[PDB]
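# Observations on the model geometry
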Amino acid sequence: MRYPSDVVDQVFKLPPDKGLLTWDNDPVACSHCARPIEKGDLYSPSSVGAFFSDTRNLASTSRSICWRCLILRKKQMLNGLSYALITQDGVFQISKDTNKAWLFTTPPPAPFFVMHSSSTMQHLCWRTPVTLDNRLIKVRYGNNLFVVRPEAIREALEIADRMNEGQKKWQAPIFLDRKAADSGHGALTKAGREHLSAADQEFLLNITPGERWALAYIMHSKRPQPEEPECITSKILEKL
Amino acid sequence: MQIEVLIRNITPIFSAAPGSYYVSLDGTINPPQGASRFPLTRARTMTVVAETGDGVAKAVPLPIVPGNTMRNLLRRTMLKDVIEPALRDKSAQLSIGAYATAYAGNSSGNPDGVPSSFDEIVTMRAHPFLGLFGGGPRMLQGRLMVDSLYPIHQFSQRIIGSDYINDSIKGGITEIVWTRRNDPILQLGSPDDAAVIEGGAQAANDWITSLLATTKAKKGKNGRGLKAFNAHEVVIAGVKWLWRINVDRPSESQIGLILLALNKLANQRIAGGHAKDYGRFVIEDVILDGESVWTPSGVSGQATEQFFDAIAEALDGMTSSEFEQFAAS
Amino acid sequence: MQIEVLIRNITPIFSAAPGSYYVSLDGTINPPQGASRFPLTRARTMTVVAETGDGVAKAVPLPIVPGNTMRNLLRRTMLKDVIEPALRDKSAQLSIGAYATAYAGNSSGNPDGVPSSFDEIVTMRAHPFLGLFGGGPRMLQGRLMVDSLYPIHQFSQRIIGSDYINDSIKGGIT
Amino acid sequence: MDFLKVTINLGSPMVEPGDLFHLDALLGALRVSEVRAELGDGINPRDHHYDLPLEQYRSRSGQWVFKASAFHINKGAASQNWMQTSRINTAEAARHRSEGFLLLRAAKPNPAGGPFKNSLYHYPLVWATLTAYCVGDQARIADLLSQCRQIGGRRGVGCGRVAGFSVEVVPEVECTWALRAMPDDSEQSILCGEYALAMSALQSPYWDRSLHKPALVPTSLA
DNA sequence: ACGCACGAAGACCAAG
Ligand SMILES: [Zn+2]
């Protein structure tokens, strides 16, 4: 899998819609997934409407949308892929905290896309870049493009465990917000400020925003136990 | 072309910081759970590193007005004072897309993404107003790069510089203003005061009874009454600020529009607190590439005469079709 | 439009500052614990930057009256003396919710969170009273920018300007 | 033709980059700024941003990358989550609709979506000293960086002002230029540390999603 | 005839 639109024909196996124009000009990328639209490929002109708030994330100004993206842009597809992890095998739901911990500590090997909506409904799937290697996971949370490294997540979890192994009252070394919205997101808490060594503080201050967002779900007083998410592509196909 | 605008605030400036913060009656921010807590809306602060008693510089919160707020303030000044009246003089009418692009840079007029030719880019990035603030479906890069409002303070000397050491303040420049809301029904004192109410005394009695029942239920344990006591942090009045505006390659029209907005800028407020008259200020100095162009009657002089003539000519020949083309509608 | 009103207080002005303060019989605020201390409700003060005779600018406390208090004073005057007499002259009865909204901005503590229609906004903001103060369940922007009550003092010269210097009072006014 | 260490000092906090911030990208932006200043805004930006004083590394498959490492971010303070919004004043919009300036038929605004949508977004601000290593001409790189005023994104709102910069010749043993997005078949010997395969551009602009390729990105830098 | 307008709806885990 190479493009976000590749999930349609590879895990949803949906044939293209009808009434679609056929490109008969010089190739140009899809305005959504940057996929080339060569001669003979089925496309459709852009008709996003006045409620499209993702003009900044458009891959190109070609005003053309491939059929895979047209399938992806359906309301049933948007709602189904709000908290979805699309691997080669199928589509899983990472909405639960345990699923997030499993994904960010024991990721699947194959290429996969990670989606997470920050609101009721958002355009995600055609914006998420593919994660080619599980060591450098690219996560699209709403409008933010996050890079999550599972090794850094594990190291931060170990740092917290060493910090709070003895004290009965568990305290978060770093202030984290699940929405990545608080003005104190990523700042060191007091307990971590005078209970962590210089190296651990330096490591905590030098984590990517995506790692802070992930730890905002995985790092708590009682760490969630990782579990495999349930397959969802059947539900999405049935509702489509 | 650097613009240095020195601003002194007549009234406190209140740029609300996001988040839920609490204060006690003594003024302690985020008190321990033992004492009563009242909500607090702190002023916006930027963590800057400052030499606190020489030694090793440490990070301190510096109260500022965000750069986006002042970018939008300049845009609103331009539109309200020199652009919208100019368009009304021609009886110009703006579509929803053009209006959104002009007032917020929104792309809802044509979100599909429109390709801009090089001739079109030259034509539109040279627009007196739309060139400065880019955006829209084209998402052209604007020529304007405004900075935040940094106060002339001991902690901002690494941002502002040492050019304004005479106007610097050493102490903290924030304060907590306490606000209270009263239930008007609890302040009725006679049937004359309750005459204007449709239910008369019965409506007030029912209101007070329901208030008492709700208060007792909440004390023992939905809906919220009118009584409230809260606080919010504002930057004290009189503090001097330095505002820096820059342009990459301005035409005379764009600089003239900037100077017109600066002349008309004091009529607006900074940040929030419109109800309490927060953000009032007076321009004390406008510096155009190292020379002072500010007079008591506003930006004037021979050194800025070409910009004013150019912007006047651009305004006279201003048409809504330019806005429609920029919005790609 | 800018309205500047000059006010002279016949009787002392007392605006309670929230928070516990203590004073001794002599008159020293927050006295040492050795002496006897008595509860004191201080007048509200606003920290302001004042250019004293030394030429440097320093933050000083200034006894003021809050802008919210003055706003409510204006609103209460308007209602009790202009609007309500007209409503009663034409036999117009407000509901309890409309009464509470006119006197406190909102009829409860929970804003609706739903936008208002454009024509409704234009109608309310052109209203003689609701246009000035606004509020309501759909929190509307009023036209009235009302400020605090700053005494004409040496400490308020940087705020209110220097066109009232003849009325300035040098020493403490508290 | 000469190993260099480019150091940037900030006068204002910059926007912490989500992904790698490449030295060649900044140099290309500054070169395009120069070409705009001489010619105008009608230039094709893609015709001039490769004219940089840096030598190129070419892999077996012909994939080439500029010899300029991604900037190192060392934080002098913890990152600050900066909040910004976007809104159209509904009072002014309603007044303009009434007076005929705005041609809108919709009765109410929709803050959840549409032309009058309120939006809430955040980005992080960091105080940092930018250091990167490159192979190229010291004089021309320093001349290009002389015209640079701001570092990072959100430059329109004044984020990342440059207090100063320095270019220094350093021994190769200190660090390498390979801390960047390398081609897929880049030689292992020249890579510094662990490189994770990912999708990224190898040339500026790195934000163009049609130019993205499977590339080796250093894990200790993203 | 065609573009705009207006409401129902559907993803939903969930802490310090
Ligand atoms: Zn596509």
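Residues numbered from 1 in each chain as written, not as in the entry; some residues may be left out. Chains lettered and ligands numbered in written order. Part of a larger assembly, values for the part shown. Heavy atoms only, no water.

With that settled, consider the overall build of chain C. Regarding its fold elements, chain C presents five helices and four strands. Counted from the first residue to the last, chain C has its helices and strands arranged as β-β-β-β-α-α-α-α-α. For 174 residues, the compact-globule formula gives about 16 Å, and the C-alpha radius of gyration of chain C, at 21 Å, lies well above that figure. The principal-axis extents of the C-alpha atoms in chain C amount to approximately 60 × 40 × 35 Å. Once local pairs closer than 6 in sequence are excluded, the contacts in chain C between residues at least 24 apart make up 45%. Surface summary for chain C: the accessible area is close to 10,500 Å², and the carbon and sulfur share equals 56%. (Helix = DSSP H or I, 4+ residues; strand = E, 2+ residues; numbered from the N terminus. Rg over C-alpha atoms; globule rule 2.2 N^0.38 Å. Contact = heavy atoms within 4.5 Å. Areas by Shrake-Rupley, 256 points an atom, 1.4 Å probe, with all protein chains shown as cover.)

This part covers a negative patch on the surface. Residues and elements named next belong to chain B. On the surface, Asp89, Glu305, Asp309, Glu313 and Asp316 cluster together into a patch of negative charge. When you line up the elements, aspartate 309 lands in helix α6 (residues 305-316). Here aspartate 309 falls in the partly exposed class, since its relative accessible area comes to 48%. (Patch = residues over 30% accessible without salt bridge, like charges linked within 9 Å, V, L, I, M, F, W, Y side chains within 5 Å. Salt bridge = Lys/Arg side-chain N within 4 Å of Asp/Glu carboxyl O. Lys, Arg positive; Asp, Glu negative; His and termini not counted. Charge placed at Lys NZ, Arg CZ, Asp CG, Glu CD. Buried < 20%, exposed > 50% of the residue type's maximum accessible area, 1.4 Å probe, protein only.)

The strands making up a sheet associate through hydrogen bonds between their backbones, and the pairing can be parallel or antiparallel. Residue and element names in this part refer to chain B. The strand order β2-β3-β10-β9 describes an open sheet built from four strands, whose pairing is mixed. What marks the edges here is a single partner per strand, and that holds for β2 (21-23) and β9 (174-181). The average undirected angle you get between the axes of adjacent strands in this sheet is 35 degrees. Examined bridge by bridge, β9 and strand β10 (residues 228-235) share eight bridges and lie antiparallel to one another. Note on β10: the bridge partner recorded for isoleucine 176 is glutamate 233. (Pairing = 2+ DSSP bridges. Axes fitted to C-alpha atoms, helices over the stretch in contact; angles between N-to-C directions.)

So, on to the coordination of the zinc ion. For a metal bound by four donors in tetrahedral geometry, the ideal donor-metal-donor angle is 109.5 degrees, whereas six donors in octahedral geometry ideally sit at 90 or 180 degrees. All names here are of chain A. Bound to the zinc ion are the protein donor atoms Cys30 (SG), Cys33 (SG), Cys66 (SG) and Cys69 (SG), situated 2.3 Å from the metal. Every donor counted, the four donor atoms about the zinc ion form angles of 102 to 114 degrees at the centre, which fits tetrahedral coordination. All donors of the zinc ion come from a single chain, and their spacing in sequence reads C-x2-C-x32-C-x2-C. Residue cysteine 33 is located in the loop between β2 (28-29) and β3 (36-37), and its partner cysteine 69 is located in helix α2 (residues 67-72); the two are separated by 36 residues in the primary sequence. Residues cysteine 33 and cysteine 69 agree in their burial class; the two are buried. (Donors = N, O, S within 2.8 Å, 3.2 Å for Na, K, Ca; no water. Tetrahedral: all angles 85-135°; square planar, octahedral: opposite > 155°, others 65-115°.)

A sheet is described by the order of its strands in space; here three strands give the open sequence β2-β8-β6 (chain D), paired in antiparallel fashion. The two strands at the open ends of the sheet, each matched to only one other strand, are β2 (14-15) and β6 (80-86) of chain D.

All names here are of chain B. Per the stated rule, a full pass over the model turns up 23 aromatic pairs over all chains. Ring geometry for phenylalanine 38 against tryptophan 178: centres 5.7 Å apart, planes inclined by 85 degrees, an arrangement best described as edge-to-face. Pair noted here: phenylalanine 38 is in strand β3 (residues 38-41) and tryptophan 178 is in strand β9, with a separation of 140 residues, a long-range link. The exposure class assigned to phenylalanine 38 is buried, which follows from its relative accessible area of 18%. (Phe/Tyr/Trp six-rings, centres within 6.5 Å; stacked < 30°, edge-to-face > 60°.)

For the rest of this paragraph, the subject is the side chain of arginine 8 of chain B. Counting through the fold element by element, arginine 8 of chain B comes out in strand β1 (residues 3-9). Within polar-contact distance, the side chain of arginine 8 of chain B engages the side chain of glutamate 284 of chain B at 2.3 Å. The contact partners of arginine 8 of chain B, leaving out residues within four places of it in the chain, are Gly238, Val239, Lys240, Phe281, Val282 and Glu284 of chain B together with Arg158 of chain C. (Polar contact = N/O pair within 3.5 Å; in protein donor to acceptor, adjacent residues only side chain to side chain.)

Glancing now at the packing of helix α1 (residues 67-89) of chain C against helix α2 (residues 96-104) of chain C. Residue and element names in this part refer to chain C. At a minimum axis separation of 9 Å, α1 and α2 run at an interaxial angle of 135 degrees. If you check the angle between α1 and α2, you find them oblique. Here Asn72, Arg75, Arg76, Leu79, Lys80 and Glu84 of α1 come into contact with α2, specifically with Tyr99, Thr101, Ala102, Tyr103 and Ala104. Its residues assigned to classes, the contact of α1 with α2 shows five nonpolar, two polar and four charged. (Parallel < 35°, antiparallel > 145°, perpendicular 65-115°, else oblique. Nonpolar A, V, L, I, M, F, W, Y, C, P; charged D, E, K, R; others polar.)

Once that is clear, we can look at the interface of chain D and chain B. Between chain D and chain B, the residue contacts involve 42 residues of the former and 46 residues of the latter. Interface area for chain D against chain B, summed over the two sides, is near 3,600 Å², with a carbon-plus-sulfur share of 55%. Its largest share of buried area at the contact with chain B, chain D owes to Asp41, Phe101 and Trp127 of chain D, together 20% of the area lost on that side. Across the chain D-chain B interface, the total number found is 19 residue pairs in polar contact. Elements that contribute at least two residues to the side of chain D that touches chain B include exactly α1 (23-38), β6, α2 (90-99), β7 (102-103) and β8 (119-126) of chain D. For the side of chain D that touches chain B, the class distribution of residues is 19 nonpolar, 14 polar and nine charged. (Buried area = accessible area lost by both parts, 1.4 Å probe.)

On the surface, a cluster of positive charge is made up of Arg180, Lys218, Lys219, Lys221, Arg224 and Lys227 of chain B. Position of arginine 180 of chain B among the secondary structure elements: in strand β9.

This part takes up the nonpolar core. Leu74, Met78, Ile83, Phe129, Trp243 and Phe323 of chain B are the most contacted members of the largest nonpolar core, which has 76 residues in total. Ranked by the residues each element gives to this core, the list is headed by helix α1 (residues 67-89) of chain B, at nine residues. Excluding residues within four positions of it along the chain, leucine 74 of chain B makes contact with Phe133, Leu144, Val146, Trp243, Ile245, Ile258, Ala261 and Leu265 of chain B. With 37 residues, the next largest nonpolar core counts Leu14, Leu72, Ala84 and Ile236 of chain A among its residues. (Core = buried A, V, L, I, M, F, W, Y, C linked by side-chain atoms within 4.5 Å.)

Counting residues at the interface gives 41 residues for chain C and 42 residues for chain B. Counting each side, the surface lost to burial between chain C and chain B is near 3,500 Å², with a carbon and sulfur contribution of 57%. Taken as a group, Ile96, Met145 and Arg158 of chain C account for 18% of the area that chain C buries against chain B, more than any other trio of residues on that side. On inspection of chain C and its partner chain B, the count reaches one salt bridge. A salt bridge links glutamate 51 of chain C to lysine 240 of chain B, with the shortest nitrogen-to-oxygen separation between them at 3.8 Å. The interface formed by chain C and chain B holds 14 residue pairs in polar contact in total. Listed by contribution, the elements that provide at least two residues to the side of chain C that touches chain B are β3 (45-51), β4 (57-63), α1, α2 and α5 (157-160) of chain C. In terms of residue count, α1 of chain C provides more of the side of chain C that touches chain B than any other element does, six residues in total.

Let us now look at the protein's contact with DNA strand E. DNA strand E sits among 17 residues. The nearest are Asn79, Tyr83, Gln93 and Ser95 of chain A together with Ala106 of chain D. Of all DNA strand E atoms lying within 4 Å of any protein atom, the proportion belonging to sugar or phosphate reaches 70%. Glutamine 93 of chain A has a polar side-chain atom sitting 3.1 Å from a phosphate oxygen of DNA strand E. The residue makeup of the surface near DNA strand E, split by class, is four nonpolar, seven polar and six charged. (Near = heavy atom within 4 Å.)

This part covers the pattern of salt bridges. Proximity of charged atoms lets side chains of opposite charge pair with each other. The full count for this structure, using the stated rule, is 46 salt bridges over all chains. The closest approach of N and O atoms between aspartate 54 of chain A and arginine 127 of chain A, which form a salt bridge, is 2.9 Å. Taken together, the residues span a long stretch of sequence, with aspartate 54 of chain A in the loop between β4 (42-45) and β5 (64-66) and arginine 127 of chain A in the loop between β8 (113-116) and β9 (137-141) at a distance of 73 residues. Linking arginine 161 of chain D and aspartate 147 of chain B is a salt bridge whose minimum nitrogen-to-oxygen distance equals 2.3 Å. Of the two residues, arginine 161 of chain D sits in the loop between α3 (138-146) and β10 (162-169) while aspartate 147 of chain B sits in the loop between β7 (144-146) and β8 (150-151), which places them in two different chains. Taking the relative accessible area as the measure of exposure, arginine 161 of chain D reaches 16% and is therefore buried.

Quick look at unusual backbone geometry now. With omega at 0 degrees, the peptide bond leading from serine 204 of chain D into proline 205 of chain D counts as cis. Looking at the element boundaries, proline 205 of chain D is found in the loop between β11 (195-200) and β12 (213-218). At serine 91 of chain B, a position not held by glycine, the phi torsion is positive, near 55 degrees. Along the chain, the position of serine 91 of chain B falls in the loop between α1 and β6 (94-95).

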